[PDB]
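The structure under discussion is supplied below as structure tokens; questions concerning it will follow.
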Amino acid sequence: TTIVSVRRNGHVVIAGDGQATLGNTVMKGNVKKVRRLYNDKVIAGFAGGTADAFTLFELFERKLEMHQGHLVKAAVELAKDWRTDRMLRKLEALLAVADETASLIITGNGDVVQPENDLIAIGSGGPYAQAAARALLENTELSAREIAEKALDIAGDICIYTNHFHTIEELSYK
Amino acid sequence: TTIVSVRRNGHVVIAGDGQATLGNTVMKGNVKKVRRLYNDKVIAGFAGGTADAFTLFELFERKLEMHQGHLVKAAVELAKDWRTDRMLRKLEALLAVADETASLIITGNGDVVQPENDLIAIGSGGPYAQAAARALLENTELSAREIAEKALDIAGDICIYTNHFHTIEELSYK
Amino acid sequence: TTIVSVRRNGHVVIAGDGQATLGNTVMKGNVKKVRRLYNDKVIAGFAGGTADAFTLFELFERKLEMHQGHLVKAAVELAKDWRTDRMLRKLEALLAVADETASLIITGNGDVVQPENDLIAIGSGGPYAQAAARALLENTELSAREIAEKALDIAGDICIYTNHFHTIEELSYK
Amino acid sequence: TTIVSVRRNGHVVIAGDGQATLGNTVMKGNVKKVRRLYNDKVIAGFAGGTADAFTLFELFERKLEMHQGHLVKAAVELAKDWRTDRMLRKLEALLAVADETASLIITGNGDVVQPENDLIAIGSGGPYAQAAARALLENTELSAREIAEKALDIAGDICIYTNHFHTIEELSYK
Amino acid sequence: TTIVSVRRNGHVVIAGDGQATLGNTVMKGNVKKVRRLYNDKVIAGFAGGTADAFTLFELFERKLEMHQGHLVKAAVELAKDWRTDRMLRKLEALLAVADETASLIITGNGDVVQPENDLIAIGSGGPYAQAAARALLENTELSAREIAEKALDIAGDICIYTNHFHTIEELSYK
Amino acid sequence: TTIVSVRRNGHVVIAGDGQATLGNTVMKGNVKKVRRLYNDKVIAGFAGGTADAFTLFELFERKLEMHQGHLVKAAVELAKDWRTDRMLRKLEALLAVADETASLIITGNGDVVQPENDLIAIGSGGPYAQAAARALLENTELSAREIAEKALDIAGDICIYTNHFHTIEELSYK
């Protein structure tokens, strides 16, 4: 899988492929790995269980309700329980989350990470996406969406665990 | 073991083989890997320990009356308890379940997958069944049951852990 | 060890050898692996601790008292706790149990298995016994007891972990 | 370490060596591996950690007053607590215990074995002791103690983990 | 990652690099591995998971008001909870902490070390930093900060897991 | 590390080196591994965490307060909790403890061991020390202190994990 997030000119996105793999074969080819949260204000993508998601995202929404849209805080509060609550402790995943404010990664370890330029590239294809995104972002006037898209393709092209089905979720603000 | 589920024209099936393997020897040849649940409105097949499947299916039923038979929603809760709870967490099994609304996989990794065309194929012989089922479903007017059966046999021919004993529960909703 | 059970002409039996092994040497050569239960109505054999037995069989007896001689039920109820009760969960073994009704295997996994023809062959020598029993049962008029016996010898002859000390327990009903 | 127990004419013994090994070096040479329990009416030897043995023997005594000194019955309960209980479950040790009614092994696997002639030989050097003890007991009029000692020394000659320091508790019931 | 701490003339520092590595790729380059605690009277660097460090540092502060800022005593308690407690016990991290009284390491193995001259160097690149820091501190009049920085860079040149991004918190007590 | 204890002519000692190792490098070279307890009546040395010590020694002191200076008893009572108390169970170490009465080793296993001649040699360099101590003690009129010292050097000379920093703690009584 490959989750790519990019932010340029009051535009932030999160794009992902749709391949789920079991051993050396493809189980499914159209997995939705990028959703939307907090009354379609907060976008997010992820790598993991379809339920872990539907549990980690629902909660995240509440943390946002308990911290007036302040992305970061809810995020900080999220990774908190996620590494503490006996039960929650078992869900494994990598949430990519971004709002007009900022974007970042949360990990079962409870970490909250803000990458160099709100550039996120998680998953087995993460680095190939990062490499292509970084390239584009530094040598062309392309858009945040055009980036993630193209970056994602490059990835699915290199990564044996990443395909070409996409699920993009933008966000305009300026 | 191979559990196959095809779905054509108001007809959805689930076929499994009946081999149980211990090491390199066949322990039982007529294992019933498919069965009905929720007043026969639901059909299911399972890879793994019979008793575990019994445990998991029972709870599934429970979750069904809980969510007025809404397969998915009731199914996702199961994806929950499964990975969260201590006892259940121990269970080793793969679930295949279908009704007239949709077919889908259920694993202990809080994952609830719904393949491309409700085409399910799990178990060591799963891919081979998928391969044949795909071909048949795209080059013939054959029926769900016809495909599932024929696909299952192909699986049994390829897969060293799948035999030719079958159990097929069907569901006609047309 | 090798536990063999056979049923022919209103006659059911369970036979076992008496070798306990530790590494590459014999600890004991006369272990009683086939007992009797439920007021000498229900016979049984097993592979495991001499205590696990004296705990799993005592309980099984009670489940029979809680289900009027109905073999299967108590059996089903047995494998139940055996995979649930925190403590009980640690006992490892393979109970072979049979009454005039039917015969079957219970495993720590909580499974209740009824083999093709009330033919049971558990233990490291299980398959060699099964092979010899199956042969005899299909090509000769021999008796349930003569079968298990001869089958058992064949086993102890092939199996480095099985000897020639026997403990047979029959049961006539017709 | 080798623990040997022979039993002839109202005379039953238990002899152990006294080596404790750490890696490839001898840590202690005079380990007392045999002792009395239950007002000297019971003798016991043990393979493993002294403190664990102390723990297990203490409880054994406890179980003895509990079942009017009935060795086996009181011994089987110990086979219980040992594998069931959390703390005890952790203990690594092999028990050899005898009185005037019988000799027998006790392991944390809910196993309570009573070898062919009350002839016990446990520990890395166990078999070699068994081998010699067998020979002596079947070609000489030697006594329990004479056999146990001589057998133990043979063990100490063969077994790299058994030395020639001995501790022999005897029991005369004649 | 390399965390370095040098201490010269009423000047004590702690410098870390900022690389986070995943497999063989750099995930983040500007990780802040050093920070202040206890009303800026205490400085600390850490090897490992940021969130874990956050958890551990928080508690450290707690222990400080508990023992009137006595570094060691308050630090040793932390060495306690860390290995004893269930949750904390899970945390993977190495702590480097200093104030005007002393510098010292804190690990989850109930170990609280205080190197030869308050010279601390932990993390995969720790030794290389130690090596250079030693040399500088014994053949030059350079300052704590000058040494720490220069040492850290040497580390970054040798250590494949340490980069050249720095974060240096200083403490002047002179 | 290497802890050496010796007793000759109303003189008992415990000596240790000061090397702490991490992988293939020295973390610290002057670790105090030999302290004093029970109102400077009871000496002790150890191999492990600097905290495990400061927890295992503090307690040991109390056991002495609960058993009127009687070394052994407190010792026996110590190794007791140390293998029982949920928390205490995690501390790993090897306490060498000696008073005018006697000297011995305690281990997380709960063991209390009194070596052949109040001669203790624990740690990776233990046997080399033992060999040199044994030699000296049997072929020269040297003193308990001179022994441990010389024995310790021999050790640090052979043992790659032992150095030449010493911490000796004597005790005269006659």
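For reference, chains read A, B, C, D, E and F in written order, and residue numbers begin at 1 within each chain.
Here is the rule we go by: a residue touches a chain if its C-beta (ideal position, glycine included) is under 8 Å from a C-beta of that chain, and two chains touch if they have at least 3 such contacts.
Chain by chain, the UniProt names read as follows: A, B, C, D, E, F = ATP-dependent protease subunit HslV.
Visitor: State which chains count as neighbours of subunit C and simultaneously of subunit E.
Guide: For subunit C paired with subunit E, there are no chains in contact with each.
Visitor: What chains do subunit B and subunit D have as common neighbours?
Guide: Chains that touch both subunit B and subunit D, as defined above, are C.
Visitor: Give, as an integer number of Å, the spacing between the C-alpha centres of subunit D and subunit C.
Guide: So the centre of subunit C lies 31 Å away from the centre of subunit D.
Visitor: Taking the mean of the C-alpha atoms as each chain's centre, how many Å separate subunit D from subunit E?
Guide: So the centre of subunit D lies 54 Å away from the centre of subunit E.
Visitor: For subunit A and subunit D, what's the span in angstrom between their mean Cα positions?
Guide: 63
Visitor: Specify, in ascending order, the residues of subunit D that touch 2 or more different other chains.
Guide: Subunit D, residues with two or more chain partners: not present.
Visitor: Draw the chains as dots and join the ones that touch; what shape do you get: line, ring, star, complete or other?
Guide: Per interface graph, the chains form a ring.
Visitor: Beginning with subunit D and continuing through subunit F, what order do the ring chains follow?
Guide: D, F, E, A, B, C
Visitor: Which residues of subunit B touch subunit A in the complex?
Guide: 76, 79-80, 83-84, 89, 105, 109-116, 127
Visitor: In the complex, go through subunit D and note every residue touching subunit F.
Guide: Residue positions touching the partner: 25, 27-30, 49-52, 55, 87.
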